[PDB]
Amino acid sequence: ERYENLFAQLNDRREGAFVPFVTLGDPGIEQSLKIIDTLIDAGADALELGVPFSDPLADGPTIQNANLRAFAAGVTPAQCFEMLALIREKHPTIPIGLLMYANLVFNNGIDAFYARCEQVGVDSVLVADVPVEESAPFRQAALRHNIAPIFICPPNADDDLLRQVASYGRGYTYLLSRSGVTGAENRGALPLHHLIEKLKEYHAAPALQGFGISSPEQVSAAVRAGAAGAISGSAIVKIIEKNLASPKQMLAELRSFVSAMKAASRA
């Protein structure tokens, strides 16, 4: 219900959403909790949070290293769910979306994972390595525990995939900017206007553009092209990696970037 309330309030303000991504526990549990509180205080409309995984095959070097740093801190999935419970208790309205890899969802049982997500107040789950064609047991478990199943609309999506993502997606639609893996250095070079209008025609969940979004002008271009907002991951994580030696300067630069990206979402 949090996504539907967020997109309604943003629509009333003629506003798009800015949704940063960080890996939970990067570079440590305490600093990550302080990182996340800084993102929200700087104007983040929603959160996308990754659980450290040994083999993040959809991520570029920036988030590969984020998973490596959290591994160096000994961050476990059980510790991530204790963070999620505290984050939800700190911020009752912001939508919390998880970006998972399939094995961590499947490990202790698919149903038990989404039941744990419901207990801690997670609003949506995207499983990076489960396509729509394999998503049946995952989306059923999500909906049974009031979790929105997030589906990807890639730039080469045919009409059949557009209808499935619209018919089975909830909360928001992940509008992929480009092929490849995550990375701020690589920017999507295909206008996504036709996919945005096709998703609206099929009553899909509001579209958030992700992959490559690292500048304010990209957030504004996504909102102007018809998307409900934009997701930024590697650009956020690079600020963490850049300021690992100065945790205070890390929070200061995260606040300046997120505030600038959020201001770009105002139409």
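Think of the rigid core as the biggest set of C-alphas that the two forms share within 1.5 Å after superposition. Note that residue numbering begins at 1 and tracks the sequence as displayed.
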property	result
Stretch with greater C-alpha deviation in 9 other deposited structures of this protein, 38 to 46 versus 210 to 218 (rigid core superposition)	210 to 218
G169 unmodelled in at least a third of other compared entries	no
Cross-entry absence of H145, a third or more of other PDB entries	no
Entry-level comparison of average CA B-factors, 41 to 49 and 194 to 202, reporting the higher stretch	194 to 202
Which of 238 to 246 and 204 to 212 has higher mean CA B factor, as the PDB entry lists it	238 to 246
Identity of residue with top Cα B-factor, from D158, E82, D123, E133	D158
Top Cα B factor in the deposited entry, candidates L99, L176, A189, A115	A189
Where the record places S259 (Cα B-factor, split into thirds across the chain)	middle
Modelled-residue ranking by C-alpha temperature factor, third containing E89	middle
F106, C-alpha B-factor rank within chain (lowest, middle or highest third)	lowest
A221 by Cα B-factor - lowest, middle or highest third of the modelled chain	highest
Ranked against its chain, the third holding the CA B-factor of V22	lowest
